[PDB]
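Colleague: heads up, no residue letters with this:
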Ligand code: NA
Ligand code: NA
Ligand code: NA
Ligand code: NA
């Protein structure tokens, strides 16, 4: 079946927009969340297509302030709000007659995997959750937290006087990287090298909100919702050690797949059929289909 | 001088309302945050009068969704947002021409002490911070989180359908206390007994937000802002041990004042003059007045 443009409303009044990949008959479903500061457009659509071809209806949408979705400022990341919006997505999805409401899973890549795990921590309507190379910590060096926090205070006060929101680049003109931005600055050239457009700016408030967000503090609440982590062995962008630390904080039932020999992104050039068959088997075993 | 009605706009578009207790000349200032789900009207006004009489201009306002301030749902507690609103309160104090911009301190009681420590962790424009009997953790029995999280999920879906927000009582009809409501159910009869009006309802969304809020994530960032914790020795509502554990997570410069033989709130019948004198001495030493 062809993909559809869809939109749905959040509790806080925003329209989020995305793509629906309907399966050929009523059955399981999957809500897919993209990487850090990225729209739905890159990488995930072909994965959605693969799941759709295996009977899973997929929802792929632009988070708040990204891509085609409402939200101001743009490129202003809020994990707590984004997890909340996944609850609103589940609410929306349940009304689709192709969707068995006991077979709604969440799937997330990179920052989307952080938000996916957090949403699974809170929403027992979710039948299963998969996190692929999740971004666990944005703190960076906490002794360069001070400049960005000062910028965040200046940004508030300036916007209160009608100024535009302040943004940080992934890479300063002097070649520097702002404190919590090395993953972004590392991924951007590889993505753009492959023709994937990248918004190379992020609101300074993004760093403020992440200091109060610690996924390690809520992942113990996912259980008994089955959860799978998919961790590249050689992830230097989202440190493999961080991802395994998160897995260690989770309770059973939880399942781990290590992508042997792969980094944060280059697994897309490996045996992706076998990667997705493994995740499909996880979903089949736990959502029963 | 007489107290004035004041109001100020937050970055996210709300009008918060409060009282101003102006000192007789330009000098230090103090932003005062009340306890859990409580308006500005209780206990704090007389403390503000005392600070005003010692030369400190006080702002005492209703948090979002409380009392005279904007916010929907009502009685929906969001520590992250309330700390953000403390940043906008600092901006309002700085931008108005009554106080010395380098002598703006934060003061908070109970849950207000939590938000005060959080705000001081992020905002280096603050000259000093005082937390009195800060509420550190509202998780309650984590094995009891499920009925509330389910109600939170249901509230979201219902409100999207046009329905009114769902609230919980401090005391259920069978005499039971909802999971994170033991402090509130304990303090309510005592305040009402003294004629202090108590809103005995809390949004089900309050527990949802609080699980992603852990003040111990950020209090190590307060330093170098001088911070003072005032802890009742026999606090059974916010366990003294939680408070001291928070204090040990903080760095220097910090100062601790144990209120010997006092509970969460009954220190208000003791030697408050000497209690406040130790806080005034703390402020004088760090704000040079
Ligand atoms: Na964080
Ligand atoms: Na593997
Ligand atoms: Na509906
Ligand atoms: Na909490």
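Modeller: Sure, I can see it. Residues are numbered from 1 along each chain as shown, chains lettered A, B, ... in the order given. Ligands and ions are numbered 1, 2, ... in the order given.

Colleague: how near is the closest residue to ligand 4 within chain A to ligand 1?
Modeller: Here the residue of chain A nearest ligand 4 is residue A:217; by Cβ to the ion that distance is 8.0 Å. C-beta here means a position set from N, CA and C on the backbone, and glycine is covered the same way. Applying Cβ to the ion, to the nearest Å, the value for residue A:217 to ligand 1 is 9 Å.

Colleague: one more: residue A:158?
Modeller: Distance from residue A:158 to ligand 1, by Cβ to the ion: 24 Å.

Colleague: and that residue, its phi and psi?
Modeller: phi -70, psi -40 (degrees, to the nearest 10).

Colleague: and what of residue A:11?
Modeller: phi -60, psi -40.

Colleague: show me the contacts for the nearest residue to residue A:263 once chain neighbours are set aside.
Modeller: Nearest in space to residue A:263, with sequence neighbours left out and distances taken as Cβ to Cβ, 6 or more residues apart in numbering or on different chains, is residue A:234 at 4.9 Å. Residue A:234 is in contact with A:240, A:261-263, counting by Cβ atoms under 8 Å, 6 or more residues apart in numbering or on different chains.

Colleague: look up how far residue A:150 lies from residue A:234.
Modeller: To residue A:150, residue A:234 is 36 Å away according to Cβ to Cβ, to the nearest Å.

Colleague: now swap in residue A:97 and tell me
Modeller: From residue A:97 over to residue A:150 (counting by Cβ to Cβ), the distance is 52 Å.

Colleague: who's more crowded, the two?
Modeller: Each of residue A:97 and residue A:150 has its neighbours counted (other Cβ atoms under 10 Å in any protein chain shown); residue A:150 has more, 15 against 6.

Colleague: for burial, what's the neighbour tally of the nearest residue to that one once chain neighbours are set aside?
Modeller: Spatial nearest neighbour of residue A:150, chain neighbours left out: residue B:124 (6.3 Å); criterion: Cβ to Cβ, 6+ apart. Residue B:124: 15 surrounding residues under other Cβ under 10 Å.

Colleague: also residue A:113?
Modeller: A count of neighbours around residue A:113, defined by other Cβ under 10 Å, yields 30.

Colleague: same check on the one 5 residues further on?
Modeller: Residue A:118: 30 surrounding residues under other Cβ under 10 Å.

Colleague: would you tell me which strand is longest in chain A?
Modeller: Using DSSP state E to define each element, chain A has its longest strand at strand A:99-109.

Colleague: helices and strands around the next helix or strand after it, which ones?
Modeller: Counting by DSSP states H and E, the next helix or strand C-terminal to strand A:99-109 is helix A:111-122. Packing contacts for helix A:111-122, counted by 3 or more Cβ pairs under 8 Å, 6 or more residues apart in numbering or on different chains; DSSP states H and E, involve strand A:27-33, helix A:79-94, strand A:99-109, strand A:128-132, strand A:227-232, helix B:145-160, helix B:205-211.

Colleague: 6 Å instead, please
Modeller: Packing partners of helix A:111-122 (3 or more Cβ pairs under 6 Å, 6 or more residues apart in numbering or on different chains; DSSP states H and E): strand A:27-33, helix A:79-94, strand A:99-109, strand A:128-132.

Colleague: pick the most deeply packed of the ones you listed.
Modeller: strand A:128-132 (a mean of 28; mean count of other Cβ atoms under 10 Å in any protein chain shown).

Colleague: and the contacts of it?
Modeller: A:105-109, A:113, A:116-117, A:120, A:226-230, A:279, A:283, A:286-287 (Cβ atoms under 6 Å, 6 or more residues apart in numbering or on different chains).

Colleague: adjacent strands (with direction) for that strand?
Modeller: With DSSP bridges as the test, strand A:128-132 is paired with strand A:99-109 (parallel), strand A:227-232 (parallel).

Colleague: between it and helix A:111-122, what angle do the directions make?
Modeller: Angle between the axes of strand A:128-132 and helix A:111-122 is 150 degrees (criterion: axes from the mean of the first three to the mean of the last three Cα atoms, to 10 degrees).

Colleague: so what's residue A:51 up against?
Modeller: A:30, A:58.

Colleague: 10 Å instead, please
Modeller: A:21, A:23, A:28-30, A:32, A:57-58, A:105, A:107, A:276, A:279-280, A:283 (Cβ atoms under 10 Å, 6 or more residues apart in numbering or on different chains).

Colleague: surely residue A:39 is within a strand?
Modeller: No. Using DSSP: H, G, I helix; E, B strand; the rest coil, the assignment for residue A:39 is coil, not a strand.

Colleague: what's the local residue count around it?
Modeller: Residues near residue A:39, counting by other Cβ under 10 Å: 22.

Colleague: that one: what's it in contact with?
Modeller: Per Cβ under 10 Å, 6+ apart, neighbours of residue A:39: A:17-18, A:60-63, A:66-69, A:196-199.

Colleague: tell me how far stretch A:104-111 lies from the chain's centre.
Modeller: From the chain centre to the centre of stretch A:104-111 is a distance of 6 Å (Cα atoms, centre = their mean, to the nearest Å).

Colleague: quick check, that stretch touching ligand 1?
Modeller: No. Using Cβ under 5 Å from the ion, stretch A:104-111 stays clear of ligand 1, with a minimum separation of 11.0 Å.

Colleague: what of stretch A:198-210?
Modeller: Yes. With Cβ under 5 Å from the ion as the measure, stretch A:198-210 is seen reaching ligand 1 through residue A:210.

Colleague: could you do stretch A:228-246 as well?
Modeller: No. Residues of stretch A:228-246 contacting ligand 1 under Cβ under 5 Å from the ion: none, with a closest distance of 11.0 Å.

Colleague: for ligand 1, what's the nearest residue on the stretch 1-150 of chain A?
Modeller: For the stretch 1-150 of chain A, Cβ to the ion, closest residue to ligand 1: residue A:138, 5.2 Å.

Colleague: and the gap between the residue nearest the centre of chain A and chain B?
Modeller: Nearest to the geometric centre of chain A sits residue A:112, at 0.6 Å (Cα atoms, centre = their mean). As judged by Cβ to the nearest Cβ, to the nearest Å, residue A:112 and chain B stand 17 Å apart.

Colleague: wait, that residue sits on residue A:47?
Modeller: No. Taking Cβ atoms under 10 Å as the definition, residue A:112 is not a contact partner of residue A:47, at 11.6 Å.

Colleague: shared neighbours, these two?
Modeller: Both residue A:112 and residue A:47 are contacted by A:32, A:132, under the criterion Cβ under 10 Å, 6+ apart.

Colleague: for the closest residue to residue A:247 other than its chain neighbours, give me its contacts.
Modeller: Counting by Cβ to Cβ, 6+ apart, residue A:247 lies nearest to residue A:229, which is 4.9 Å off, once chain neighbours are set aside. By Cβ under 10 Å, 6+ apart, the residues touching residue A:229 are A:113, A:117, A:129-134, A:219, A:243-244, A:246-247, A:250, A:254-258.

Colleague: again, only using 7 Å
Modeller: For residue A:229, the contacting residues are A:131, A:134, A:243, A:247, A:256, by Cβ atoms under 7 Å, 6 or more residues apart in numbering or on different chains.
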